[PDB]
Amino acid sequence: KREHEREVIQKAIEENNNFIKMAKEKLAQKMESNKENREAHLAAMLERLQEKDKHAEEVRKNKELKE
Amino acid sequence: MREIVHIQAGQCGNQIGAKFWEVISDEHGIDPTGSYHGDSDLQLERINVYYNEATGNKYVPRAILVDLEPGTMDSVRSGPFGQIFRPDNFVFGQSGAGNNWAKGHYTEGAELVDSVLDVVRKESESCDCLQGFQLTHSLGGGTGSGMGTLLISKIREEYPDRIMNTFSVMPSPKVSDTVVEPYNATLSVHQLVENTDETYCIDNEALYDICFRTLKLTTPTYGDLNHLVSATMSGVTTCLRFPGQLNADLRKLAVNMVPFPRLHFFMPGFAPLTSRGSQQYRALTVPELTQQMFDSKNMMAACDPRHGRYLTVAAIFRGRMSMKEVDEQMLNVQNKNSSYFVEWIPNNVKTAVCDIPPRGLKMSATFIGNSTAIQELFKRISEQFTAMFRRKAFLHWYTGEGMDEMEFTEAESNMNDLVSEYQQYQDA
Ligand SMILES: Nc1nc2c(ncn2[C@@H]2O[C@H](COP(=O)(O)OP(=O)(O)O)[C@@H](O)[C@H]2O)c(=O)[nH]1
Ligand SMILES: [Mg+2]
């Protein structure tokens, strides 16, 4: 009986720690995946605007090479 | 053997426990100071059973008060007889047990139990000859029930040759705090069946019905219920406390009352049934005491005695009366109703008389029966347990403290075994 009582309290500690562990890890994966996605959505927007400057350079270039 | 160590656990345990010490203290002439101020010598002859003498000459209850919450123990300490208890015998945690057997038995109670056993050891060591232990608790909550049965297991390990007895309050939906009471009660019974020698079943169903139907109290409080409990308790411990021939210690009571080790759950009865404060003026005749004490309506466990058979009965008559008339009336009951007393235990009804009546009555009778009808009590709890347990309802309160469903399954099966074991002897 004493050994059984020891096992029950250990089970309870183990499950409470597992819940804390797993909540800590799911949250950290979520905050990481989110930072990455936000960043990739911004990098893509900035790249699209980068291609607009590259097209405007090329258009001014195309003007001057005509007289 | 002389000394009994008393343990009261949880809200119910400590509330009935305080009333018990109040009632027996008045009978032994002890006042709130711990000072004797009585006339008779019968009062002091066996005072050592329940009281320690510490020079004064003052009398200190051999009583340990246990809870996981401080609330009810502060109530006791500033209560009427509050000053009498040894302050070191107050053992409390802070966090409570939330009506949860698993918290009392496995998590919160485990944290507190060693401190209780230190106080038990300290009391046990001052004893010439410890008889054993009595515990007052309920089965429906978490502390009295879960921690109370933890304590019993640990007391049995450290004192395996001592008698363990309980006054156990069984829950009822009629007077109920939580839905989990049947879970807590089933888990507790499983323990009681293995680790006590004798258990007085105090049924909150019965106490409610007596208050409602018989005492004409339209809304019973705990106070009203406890008045019946403290009268029954005073009655069942009379032969332990006063000079007397039979059932005079805890082991002799067990030997006469318990024919098979598992069947040790007793139905107490009391007569006359009185309410608090309001006095009765006409004393009862010996024939009236004897008829009322055996009446289902005077039973403290809601079981119909005509639905089973009596294995053994102890009867205690209190007051100045005719012992010849007692023998005759006691003999009359048995001869009139002989089919209700098992024929394979000869002379299974024993009677004691004590001269000292309880406060406020000139005559009283207390009944202790080992009937196979007690099975009705366990069937009722079993039904309530299964209604929930088949949908596993409310179980998360228990698995959250480390328990598996298996433990519930085992506790249920053992209680069903007890039921069918009673049915075995009701038909033999
Ligand atoms: N007869 C009686 N029953 C009580 C009393 N207090 C609580 N109960 C019952 O006891 C059970 C709850 O247990 P309680 O002792 O309050 O919880 P604990 O402190 O965790 O042991 C329920 O069945 C209540 O109906 C009381 O003073 N008298
Ligand atoms: Mg309570």
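Every chain is numbered from 1 and lettered A, B, ... according to where its sequence line falls, protein lines coming before strand lines. Every heavy atom of this structure was used, including side-chain atoms; hydrogens, water molecules and symmetry mates were not.
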Does [X], at its [atom1] atom, have more than 12 non-hydrogen atoms belonging to other residues, nucleotides or ligands within less than 6.0 Å?
X        : atom1 : result
B/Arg121 : CZ    : yes
B/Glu111 : CD    : no
A/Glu47  : CD    : no
B/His396 : NE2   : yes
A/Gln29  : CD    : yes

Discussion item. Do A/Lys11 and B/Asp404 make a side-chain contact, defined as non-hydrogen atoms from C-beta onward lying under 4.5 Å apart?
Written reply: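 The answer is yes; the side chains approach within 4.5 Å.
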Worksheet item: Does the side chain of A/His4 reach to within under 4.5 Å of the side chain of B/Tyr106, using non-hydrogen atoms?
Response: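 Counting from C-beta outward, A/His4 and B/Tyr106 do come under 4.5 Å.
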Worksheet item: In Å, rounded to the nearest 0.5 Å, how long is the span from NE2 of B/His105 to CD1 of A/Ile9?
Response: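 Those atoms lie 12.0 Å apart.
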Worksheet item: What is the distance from atom CD of B/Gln191 to atom NZ of A/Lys1, rounded to the nearest 0.5 Å?
Response: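 Here the interatomic distance stands at 6.5 Å.
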Fill in: CA sep, side-chain torsions, deciding dist, call: B/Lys154, A/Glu5, salt bridge (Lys or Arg N to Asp or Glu O under 4.0 Å)
CA-CA 12 Å; B/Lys154 292 196 140 73; A/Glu5 293 152 20; 3.2 Å; yes
Practice prompt. Start with the C-alpha gap between A/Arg2 and B/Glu157, add the side-chain angles, then the distance that decides, and say whether salt bridge (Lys or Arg N to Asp or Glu O under 4.0 Å) holds.
Written response: CA-CA 10 Å; A/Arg2 319 271 76 105; B/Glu157 181 175 41; 3.2 Å; yes
Worksheet item: If every non-hydrogen atom of A/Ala12 is compared with every non-hydrogen atom of B/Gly400, which pair is closest and at what distance?
Response: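 Nearest heavy atoms, A/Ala12 then B/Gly400: CB-O, 4.4 Å.
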